[PDB]
Amino acid sequence: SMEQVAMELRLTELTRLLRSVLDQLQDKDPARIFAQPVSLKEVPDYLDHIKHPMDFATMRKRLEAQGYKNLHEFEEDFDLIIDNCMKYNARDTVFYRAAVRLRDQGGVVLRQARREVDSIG
């Protein structure tokens, strides 16, 4: 149907905007602390601590399968990256502090992305 096609075009356009949001968020992590999943080889106990691991590579895989239906879903995954890190790592660590900075800086980007996703529909 043409209705199904039009919906697909909207998903595709959301996907393009989210790809740029993701690139911008990731630039706020120049150290690449959040680039890849936490290794179970190097933190064998990780899954006893953190129930839903997340990282930028996993987000990117989901995005390219057009697996985010809306900005809310994408933000949930970004928030997991930050929130997981602030639970597993202590306040006085390079990891926790990198999450704080990603959150603060990412908040700016997400504030306007929410307006762009509303605005362009």
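First things first, this report covers the structure right here in the doc. (Residues numbered from 1 in each chain as written, not as in the entry; some residues may be left out. Heavy atoms only, no water. Residues with missing side-chain atoms left out of burial classes, pairs and counts.)

Regarding the overall build of the protein chain
Within the protein chain one finds five helices and zero strands. Counting from the amino terminus, the protein chain carries its helices and strands in the arrangement α-α-α-α-α. Along the longest, intermediate and shortest principal axes, the C-alpha atoms of the protein chain span 50 × 30 × 20 Å. The contacts of the protein chain with a sequence gap of at least 6 include a subset with a gap of at least 24, amounting to 64%. (Helix = DSSP H or I, 4+ residues; strand = E, 2+ residues; numbered from the N terminus. Contact = heavy atoms within 4.5 Å.)

Structural notes on the packing of helix α1 (residues 2-26) against helix α4 (residues 71-88)
Packed helices, taken two at a time, are described by the angle between their axes plus the distance between the axes. Taken N-terminus to C-terminus, the directions of α1 and α4 make an angle of 20 degrees; their axes are 12 Å apart at the nearest point. By the criterion of interaxial angle, the relationship of α1 to α4 is roughly parallel. As α1 runs across α4, the sense of the crossing is right-handed. In this structure, α1 contributes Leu18, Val21, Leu22 and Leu25 to the contact, and α4 contributes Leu71, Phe74 and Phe78. When grouped by side-chain class, the residues that make up the contact of α1 with α4 number seven nonpolar, no polar and no charged. (Axes fitted to C-alpha atoms, helices over the stretch in contact; angles between N-to-C directions. Parallel < 35°, antiparallel > 145°, perpendicular 65-115°, else oblique. Left-handed = near helix turned anticlockwise from the far one by under 90°. Nonpolar A, V, L, I, M, F, W, Y, C, P; charged D, E, K, R; others polar.)

Considerations on the packing of aromatic side chains
For any pair of aromatic rings, the description consists of the separation of the ring centres together with the inter-plane angle of the planes. If you walk through the whole model with that rule in mind, you get two aromatic pairs. Aromatic side chains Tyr46 and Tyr88 sit 5.2 Å apart centroid to centroid with 65 degrees between the ring planes, which places their arrangement in the edge-to-face category. Here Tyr46 is found in helix α2 (residues 46-49), whereas its partner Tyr88 is found in helix α4, with 42 residues between them in sequence. Judged by its relative accessible area of 7%, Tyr46 falls in the buried class. Judged by centre distance (5.3 Å) and plane angle (75 degrees), the rings of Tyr68 and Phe74 are edge-to-face. As far as burial versus exposure is concerned, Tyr68 and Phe74 are alike and both buried. (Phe/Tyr/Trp six-rings, centres within 6.5 Å; stacked < 30°, edge-to-face > 60°. Buried < 20%, exposed > 50% of the residue type's maximum accessible area, 1.4 Å probe, protein only.)

What to know about the layout of surface pockets
Rolled over the atoms, a probe with the dimensions of a water molecule shows which regions are left empty. Each pocket or cavity is described by its volume, and for the largest pocket that value is around 400 Å³. Contributing to the lining of the largest pocket are 20 residues, with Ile33, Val38, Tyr46, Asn89 and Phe95 lying nearest its centre. Of the residues forming the lining of the largest pocket, the biggest block, four residues, is contributed by α4. Class assignment of the residues belonging to the lining of the largest pocket gives a composition of 13 nonpolar, four polar and three charged. (1 Å grid on protein atoms, 1.4 Å probe; cavity = no way out; pocket = protein on both sides within 12 Å on 5 of 7 lines; lining within 4 Å. Points joined across faces, edges and corners; volume = space filled by probe spheres on them.)

A closer look at the side chain of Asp55
Counting through the fold element by element, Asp55 comes out in the loop between α2 and α3 (56-64). In this view, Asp55 contacts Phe34, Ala35, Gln36, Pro37 and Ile81; residues no more than four positions away in its chain are not counted.

Things to note about α3
A side-chain oxygen of the first residue of α3 lies 2.8 Å from the backbone nitrogen of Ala57; this N-cap is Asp55. A positive phi of about 45 degrees marks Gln66, the residue just after α3. (Polar contact = N/O pair within 3.5 Å; in protein donor to acceptor, adjacent residues only side chain to side chain.)

What about the nonpolar core?
Counting residues in hydrophobic clusters, the biggest one holds 26 residues, and the most contacted among them are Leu25, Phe34, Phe56, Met59, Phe74 and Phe78. Taken together, the elements giving at least two residues each to this core come down to α1, α3, α4 and α5 (94-119). Leave out the neighbours within four places in its chain, and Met59 touches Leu22, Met54, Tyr68, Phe74, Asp77, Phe78 and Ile81. (Core = buried A, V, L, I, M, F, W, Y, C linked by side-chain atoms within 4.5 Å.)

Function cannot be read off these values alone, since they describe shape.
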